[PDB]
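First the structure, which I've put down as structure tokens, then a few questions once you've had a look.
Letters A, B, C, D and E mark the chains as written, and numbering starts fresh at 1 in each.
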Amino acid sequence: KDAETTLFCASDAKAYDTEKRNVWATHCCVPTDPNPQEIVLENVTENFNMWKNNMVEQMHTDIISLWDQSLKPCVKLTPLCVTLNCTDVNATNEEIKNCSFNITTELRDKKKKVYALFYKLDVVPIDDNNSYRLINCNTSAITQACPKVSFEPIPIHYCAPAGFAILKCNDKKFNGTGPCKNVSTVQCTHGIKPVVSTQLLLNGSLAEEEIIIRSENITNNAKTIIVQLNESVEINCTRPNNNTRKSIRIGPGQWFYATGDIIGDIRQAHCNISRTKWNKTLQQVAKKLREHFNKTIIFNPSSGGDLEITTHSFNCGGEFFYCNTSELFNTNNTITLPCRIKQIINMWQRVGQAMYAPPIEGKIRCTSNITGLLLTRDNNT
Amino acid sequence: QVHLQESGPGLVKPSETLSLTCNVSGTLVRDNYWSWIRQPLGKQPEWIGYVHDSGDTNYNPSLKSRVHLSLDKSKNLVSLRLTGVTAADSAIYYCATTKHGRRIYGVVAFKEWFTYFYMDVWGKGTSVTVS
Amino acid sequence: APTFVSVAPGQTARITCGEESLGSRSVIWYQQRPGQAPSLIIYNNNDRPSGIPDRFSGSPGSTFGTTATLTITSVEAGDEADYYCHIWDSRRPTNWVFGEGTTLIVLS
Amino acid sequence: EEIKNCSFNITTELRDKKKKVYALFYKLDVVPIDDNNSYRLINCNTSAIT
Amino acid sequence: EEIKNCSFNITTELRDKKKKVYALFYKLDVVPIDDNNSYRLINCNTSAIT
């Protein structure tokens, strides 16, 4: 019978050490079966529904909970909500500001004047003069991300408790909701990487034969259309400037990690998508979408909202990138998307719970696969 | 070859306008960038400014308000004019050809590059003093 | 303004000029013999215009925190001169004034 | 009678500044410090208030 | 010898005021800041004390 229960975290490898402390290697997550079985159920029919599926809600809840617990014991940055004296960095003849703070030291009677660099996106002016505030002081306290904790996605298997089973649909063309004819039983799912992104889905599983378009109600413009690609497109992303990290004491064993001086040239973060692969991929998506509308299909840049929705938000290397995709949703060159980086984050629309992402020294290079798109809709077009 | 021959009054008075020229021979005045260099006696030289066609002219910010440069396409001369002459303007003045290149350090599309200039053919220069 | 280097004929001289770099640089070096207009030795760190021998070779503009250096190997008596650098640094305003030079004295 | 108009110095979102604000309190919640117009809330002597 | 008589500025129940108070400490619990009579507790450098 159909049921909703508690599933457990399982992983493939125990190759993860205790230095990295990956949140998806919690040491509270069990190993899975190294030689898993799958039983094909012959002569059965099962109705699957991805939009009403409760495994999705449970995965979502586990992730939010995991992040809150991981950040629970780490340093609070409420002492930094002080007037910031900021000027531009010597990237002169943009987006990085050199700010001075008055910070209480381990001895409560004294404050020290210290400096840090901030990205423009994290700092809001108070005055028309050189007087600024961090963007969160207006709404919430910031918890500093734990400097020793990796948030790199590790494939997680969701496995059934005793008395329960997980059915898998093996119809290659299965789309949204409806019957699946080839059904099999497993103890658990394949590993799923908990990758966070907003416009382009990264590092997922590709469709077996063709682009598959999935929606709850394809005629409702308010619904997200999830497009699964049958071929991946690579993205090369980087953070080209060499950062340094400045450790600032803000209390008795309470350390704040500030961006220190930038070494060498100051350059803009960016992502590289091959033009030819993108062109055929986006055109194939328009072709497949057409089968459900019979209209000419075109793409446009997003309409507006905050950066999480208007840009391709993603994490890479622990850094948080917001890339401009107007050049995608519109030769043999490479499409280079400018990207911005920010450290003060409110994940999953949970306004009121801010996080500060400490700087990473050195340079960052990312390689990732676009495996799908999240699209919405607004004529013979 | 290219010869640049400077010419001027030699001695001018304070608050007078100084006007120097440069007879260009072997090239046409609009073929390259021109620049003027000033070397106070015993000091390292200063770049006064550079002039070219298409409006690509700029001046040393410390002099800019008192300086004008131009190309005479009829006489194939390069001119330099300094107003408000003072004690600080006593120097050797030189006419030189300017060539350039580009240094790229990042993404070209993001303008992560700069133009640099160097002086190739130098004239002999003239000595200009004030009193 | 100038500093000094004393080099015996045939020895290598090391001439430095300018402050520590911040970003990528294109350094231009000029040589001034007494009584003469200065002339170009190298541009873009290592590019010699025709007529300049390969005994004149500069430091790269690819690193940071260093200073411009012109190495003159096998110094000849004819190399006695005031050497100046003009530093174009990607993180600083155009430098309209050449840096203070070095007088290279050949001890001949 | 029993309603007092009280001024406070309260730290704002930005820690470097305090704002002067007013609130009304019932007499039963406020205890004098001085014979002058200087008062304290009754709990500060014993406990934090949630 | 090993017992020091130390003065503190401690915030009182009312946040606007501090009171000057004294306590005795053992030398092993107190580390000098200066060469003058200015000291700190040994933990402030590392941790909060419960």
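Methods note: a residue touches a chain if its C-beta (ideal position, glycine included) is under 8 Å from a C-beta of that chain, and two chains touch if they have at least 3 such contacts.
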Each chain counted as touching chain C and chain D at once: A
Chain pair, most C-beta pairs within the contact cut-off: B-C
By mean Cα position, the chain sitting nearest the middle: A
For chain B paired with chain E, centre-to-centre distance based on mean C-alpha positions, whole Å: 69
Chain centre separation (chain C, chain E; CA means) in Å: 60
Computed distance of Cα centres, chain C from chain B, in Å: 22
Centroid spacing, where centroids are CA-atom means, of chain D and chain E in whole angstrom: 30
Where chain C touches two or more other chains at once, by residue number: 23-24, 90
Residues of chain D whose C-beta touches two or more other chains: none
Of all residues in chain B, the ones touching two or more other chains: 105
Chain pairs that touch, as defined at the top of this document: A-B, A-C, A-D, A-E, B-C, D-E
In the complex with chain A, residue positions of chain E that touch it: 9, 33, 40, 43-48
Touching residues (chain side chain A, partner chain C) in the complex: 90-93, 263-266
Residue ranges of chain B touching chain C (in the complex, touch as defined): 42-47, 60-62, 94, 96, 101, 103, 105, 114, 116, 118-120, 122-125
Chain B-touching residues of chain A, taken from the complex the two chains share: 240, 265, 267-268, 270, 336, 338
Touch list for chain C against partner chain B, complex: 1-2, 23-26, 28, 30, 37-40, 43-44, 49, 61, 84, 86, 88, 90, 96-101
